[PDB]
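Taking the form deposited in one PDB entry, here's one chain by itself in structure tokens.
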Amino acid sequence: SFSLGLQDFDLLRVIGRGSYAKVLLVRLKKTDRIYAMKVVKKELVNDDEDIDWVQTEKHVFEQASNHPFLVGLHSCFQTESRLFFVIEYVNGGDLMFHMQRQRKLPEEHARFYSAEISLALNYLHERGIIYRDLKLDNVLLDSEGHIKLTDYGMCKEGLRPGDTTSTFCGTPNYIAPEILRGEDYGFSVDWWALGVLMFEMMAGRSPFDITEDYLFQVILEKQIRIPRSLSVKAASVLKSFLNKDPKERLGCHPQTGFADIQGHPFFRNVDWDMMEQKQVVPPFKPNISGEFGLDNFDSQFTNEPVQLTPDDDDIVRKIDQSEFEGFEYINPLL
């Protein structure tokens, strides 16, 4: 068999966790190459809806290999209890960690990161994919200071330009008003989330800081007021992304959407074509210190025992193993 397995890897360190997975730093033994490894437990895969998101995450990961600002896939494999995605390791850490250390970013830095995120999102949208979980934790910095979006498990695939979907999902701080109101929605919810993230970068706090029922109420009702020290163009771009009407929000018009972003005065100094080729030097260079650059990862993770949690045999033996037939994959472009 062509496929790799767990025994082809050395487990080095735990580097992250979210609601659905554990992420480890790993070494591919035969090549001495370092990767990240996303680990999902099969017991969490209950229904067809859970199989759906795993398969969607795999498929988006595959497509990610074609764009500079999305994390690509090296290989996929499984054991009795788990599913594994081996993906490229990005050792500058995430923007959550960056914001905790920096507190607030100059407009130029936010402009650079948001333009690269915009290009990543547009690539997904052009291909019929809504991202649906943009947040500080899901934006990674590479060694050179360019970003990559990761975590495709919330994605909706298969949407033609005017199509919509209706699943209530996302991260509450970043969830768009149209979702909270229960409307069918499109790519608009990603542009809203970018507005929130940009406000976070430039102001140093969420615009909705404050039970989640109360947060939802605030998102639906508050009109955001921009801190007076930001420039007119920075204020303008934030307000436009944070329009509560998706039909009027910047980036969301079905014909002019992404052009309206590119042409906004906030983004005037961006050469979009050079940027998408990584020919623009980043405004910040990550410090790669500690083994494998691990100092760029929160010590709450890097202090964890480097382990996959022992299985409950009674649970594992009841798992339908046929639903992941053909999960094994290796990227043929190395």
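For every residue, the number given is its place in the sequence shown, counted from 1. Rigid core (definition): largest C-alpha set, two forms, superposition within 1.5 Å.
Gap at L141 across at least one third of the other PDB entries: Counting only entries that model residues on both sides, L141 is resolved in every one of them.
Unmodelled in at least a third of other entries of this protein, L180: Negative; every one of those entries includes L180.
Unresolved deposited residues lying between neighbours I210 and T211: 10 or more residues lack coordinates between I210 and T211.
Stretch exceeding the other in mean C-alpha B-factor - 146-154, 242-250: Higher mean C-alpha B-factor: 242-250.
Residue range whose averaged C-alpha B-factor is higher in the record, 61-69 or 46-54: In the deposited entry, the stretch with the higher C-alpha B-factor mean is 46-54.
Selection by C-alpha B-factor (highest) of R181, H98, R132, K222: Answer for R181, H98, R132, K222: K222, with the highest C-alpha B-factor.
Per the PDB entry, maximal CA B factor within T165, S118, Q217, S229: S229 has the highest C-alpha B-factor of those listed.
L308 - Cα temperature factor, lowest/middle/highest third of chain: For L308, the deposited C-alpha B-factor lands in the middle third.
Ranked C-alpha temperature factor of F266 among modelled chain residues, by third: As the PDB entry reports it, the C-alpha B-factor of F266 lands in the lowest third of its chain.
Third assignment of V40 from its chain's C-alpha B-factors: As the PDB entry reports it, the C-alpha B-factor of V40 lands in the lowest third of its chain.
Ranked against its chain, the third holding the CA B-factor of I15: Lowest third of the chain for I15's C-alpha B-factor.
Where the record places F112 (Cα B-factor, split into thirds across the chain): Answer is middle: the recorded C-alpha B-factor places it there.
One more form of this protein should be noted, the form deposited in another entry, which is absent from this view; the next part is about it.
Candidates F284, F267, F301, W272 - which moves between this form and the one not shown, C-alpha at least 2 Å, core fixed: The listed residue whose C-alpha shifts by at least 2 Å is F301.
C-alpha of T79 off by 2 Å or more between this form and the one not shown on rigid core: Yes; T79 is a residue whose C-alpha shifts (by 2 Å or more) between this form and the one not shown when the cores are overlaid.
Core-superposed comparison between this form and the one not shown, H67 Cα displacement 2 Å or beyond: False for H67: its C-alpha shift is below 2 Å.
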